[PDB]
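Only one chain is given next, in structure tokens, and it is the form deposited in one PDB entry.
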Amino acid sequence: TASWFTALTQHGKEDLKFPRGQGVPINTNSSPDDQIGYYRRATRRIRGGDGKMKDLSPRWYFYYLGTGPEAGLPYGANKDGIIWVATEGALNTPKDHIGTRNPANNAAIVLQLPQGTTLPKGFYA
């Protein structure tokens, strides 16, 4: 139960957003029907080298529709820390056949977006 992909890191103050049709990570081993899901914000509060509590940049992880922590949400569900992406031609059906990644069995895929798609403002990898 992990994302198939590495995270997008939020350095800026804006939540992640993509224009309609953009933001689905490249996965050559998946069908055009599969190209739909959400990014989920994950936050960390950690102790620094000075021994004080610190807020790390929020990280956003991609999950295919009907997988991951919000497997039960339908496409477009309005919820804080959840944003939706879909490529033209994707089917609005759960991607049970893809599921989530077992870190014991598989490494994360480095998240890459199609040439032309730019990371939204304040996002780095």
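Sequential numbering from 1, following the sequence displayed. If you superpose the two forms and keep the largest set of C-alpha atoms that fall within 1.5 Å, you have the rigid core. Only residues modelled in both forms are compared.
Undergrad: Check whether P94 has no coordinates in at least a third of the other compared PDB entries of this protein, counting only entries that model residues on both sides of it.
TA: No, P94 is modelled in every one of the other compared entries that cover both of its flanks.
Undergrad: Specify whether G66 falls into a modelling gap in a third or more of the other PDB entries of this protein.
TA: Residue status for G66: no gap in any other entry.
Undergrad: Would 44 to 52 or 76 to 84 have the larger average of its C-alpha temperature factors, as given in the entry?
TA: Averaging CA B-factors over each stretch, the winner is 44 to 52.
Undergrad: So which stretch wins on mean C-alpha B-factor, 87 to 95 or 61 to 69?
TA: Higher of the two, by average CA B-factor, is 87 to 95.
Undergrad: How does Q10 rank on Cα B-factor within its chain, lowest, middle or highest third?
TA: According to the entry, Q10 has a C-alpha B-factor in the chain's lowest third.
Undergrad: What third of the chain does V110 rank in for C-alpha temperature factor, lowest, middle or highest?
TA: As the PDB entry reports it, the C-alpha B-factor of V110 lands in the lowest third of its chain.
Undergrad: Could you place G23 in the lowest, middle or highest third of its chain by Cα temperature factor, using the values in the record?
TA: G23: CA B-factor falls in the lowest third of its chain.
Beyond the structure shown, there is the form deposited in another entry, which is absent from this document and is the topic of what follows.
Undergrad: Using the core for the fit, does the CA position of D80 change by 2 Å or more between the shown form and the other one?
TA: Superposed on the core, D80 moves its C-alpha less than 2 Å between the shown form and the other one.
Undergrad: Aligning on the core only, does the CA of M53 end up 2 angstroms or more away between the shown form and the other one?
TA: Yes: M53 shifts by at least 2 Å between the shown form and the other one.
Undergrad: Sticking with residues common to both forms, list the runs of three or more in a row where every CA moves 2 angstroms or more between the shown form and the other one, core superposed.
TA: 47 to 54 is the only stretch that shifts between the shown form and the other one.
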